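Single chain ahead, written as structure tokens, the form deposited in one PDB entry.
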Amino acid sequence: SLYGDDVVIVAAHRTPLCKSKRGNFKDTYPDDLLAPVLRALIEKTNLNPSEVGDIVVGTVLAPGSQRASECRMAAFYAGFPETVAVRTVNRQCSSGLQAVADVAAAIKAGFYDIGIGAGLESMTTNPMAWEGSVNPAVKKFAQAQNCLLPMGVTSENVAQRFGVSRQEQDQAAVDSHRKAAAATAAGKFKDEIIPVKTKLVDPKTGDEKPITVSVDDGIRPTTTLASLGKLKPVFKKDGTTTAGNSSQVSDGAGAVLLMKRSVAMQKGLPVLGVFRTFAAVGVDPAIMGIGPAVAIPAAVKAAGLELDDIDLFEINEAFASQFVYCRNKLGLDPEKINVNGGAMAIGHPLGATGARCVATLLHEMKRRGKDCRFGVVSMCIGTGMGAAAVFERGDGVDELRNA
């Protein structure tokens, strides 16, 4: 593997993430979430958009064709010419990270030299609901039947099977809001976030007003064990999974600009990160939350590393039950995980998460300096999968600062 052939990240950005239905993107079309982050990649690197080989968008809930069309339209809004192709990918909860891995694979394979891996979801717009009938033949395959379990039921399965208590779950949620509030106040999301200029429509009156959205509106600084303790189980009468220890339903987008190192160098673009490895593995659909416990070791091993060699993690907080389980199972230092908070506090627009987390991870690794050399993005995946990617810290920031 030649140095100049490394797949590097030269920019990684995200919209704020907002609460679906009631939050600040409730009246914002999906294409208007994606376009700003696509445009930002171009504008921040001064890249001619015609040089982009593909735009790959992880996105989960919408009718396939309409959403792929919306992504094409977003690229046009963002100033891309007709010559730049666009596509979507779906590996459920991992889709945004899958998109980034697809671009890395395509560059490594010599399909093109520059690509955009993005993620997009408007959970305001698209409900999570099965349409039409289920093949009765599913009765013959128990694991296929288990693909139909509500995600929240798999959460309860994990908590029950592995003994994750209500307090452990709620504590993780308290920690997520604390860290997210602290990071926001400390300016730690300023670099990654692209503010979105949109509007709010009053359903009561019909009045519209503009708003510029810059912060993740799901963070609740008053979240405590006591407040979380009052919430009722959502999926099981004597259960432990609640709205307060599950990811938030959210709207948002993320985008990452990747290219061959040699191309970045020729263009004089500071390197934010280097893509190293990616793993996507199957696990029991009934306990899909265990995904990261299997995927992280796979990706880390592929990189020639051990778990102790990873300095920072973005492990999605789909449910506190499975987040806590994975952290404990892998024996990871809690202080190295979701250091600026996670999806319980800032939300989980399904397709956006995997891509936006690359931005959150890399910008944090950037700020933490050269010792924060390796980072992992990982998440569990509905229907029983885990994905993980290993990234290496770029030196662009240091070279600029010490110029």
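Residue positions are given as counts along the sequence shown, with the first one as 1. Throughout, rigid core stands for the largest set of C-alpha atoms superposing within 1.5 Å between the two forms.
Beyond the structure shown, there is the form deposited in another entry, which is absent from this document and is the topic of what follows.
For the residue set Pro195, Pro150, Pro270, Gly229, core-aligned C-alpha shifts between this form and the one not shown reach 2 angstroms or more at a single site, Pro150. With the core held fixed, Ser95 shows a CA shift of 2 Å or greater between this form and the one not shown. The Cα position of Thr205 differs by 2 Å or more between this form and the one not shown after fitting on the rigid core. Here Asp333 does not count as shifted, since its C-alpha moves by less than 2 Å between this form and the one not shown after the core is aligned.
Cα-Cα spacing of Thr242 to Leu148 is reduced in that other deposited form versus the present form (difference of at least 3 Å). Between the C-alpha atoms of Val274 and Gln92, a gap widened by no less than 3 Å is obtained in that other deposited form, as opposed to the form on display.
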